[PDB]
Every structure is written in structure tokens, then in C-alpha cells.
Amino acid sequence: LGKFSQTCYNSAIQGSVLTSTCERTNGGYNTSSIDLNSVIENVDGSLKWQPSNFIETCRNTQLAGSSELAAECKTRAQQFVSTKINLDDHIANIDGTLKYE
């Protein structure tokens, strides 16, 4: 559904970063931001949205230790198996901000 600009203002892009000042559900405001590097993609010169399947096919997410993600996900033979990934692998700290590279 999207529609952020409807309830936001003073938006800006910088590199692939988007930042805006957005209304709460109460009456105040907050300034967040999203990296668009992992959400849009370039196909022959045109931008498109990227598909994803983590929220929709995996479950019961958890952090083990300092940088290990753990969950259970759905296979091709449509059964849930246990899987794990080191988030240190590609998640970095870039001046107090968490960044995917």
C-alpha cells in the first residue's frame, strides 16, 4: 500500500538513502530513514522493486550469540528446516548506523 508522502514532509534522498519526517499515530512526528539499495534494482536501465520472501516463508526468528540469525524456513519440498546465517558477514556499523553492503 505505501503512500508515505501523504503523511510525511521534508523528504530527501542522498545516494541511495531516503530520509523523511513522518507523523506518529498520536500527533507528534519522527524523522526516520531507509536505505533503498536493497529495495529497488536496475534491469537494463530501468528501476524496479525487488521481491523478497523472508517474512513470508520463514518463521520464529532469533538471534544467537552476537551476530547469528536463526529461523526455520520452508523448502521446495514444502517442509520447515532449521537454518542460520552470520549477520557479521555483510552487516557493518557505519558511524553508529547499521548498513548492508
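One rule holds for the numbers: they count along the sequence shown, beginning at 1.
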Comparing 36-44 with 57-65, which stretch shows the greater average C-alpha B-factor in the deposited entry? 57-65
Compare the mean C-alpha B-factor of 23-31 with that of 45-53 as given in the PDB entry, and name the stretch with the higher value. 23-31
Can you work out whether the C-alpha temperature factor of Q78 puts it in the lowest, middle or highest third of the chain? highest
Against its chain's modelled residues, does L98's Cα B factor rank lowest, middle or highest third? middle
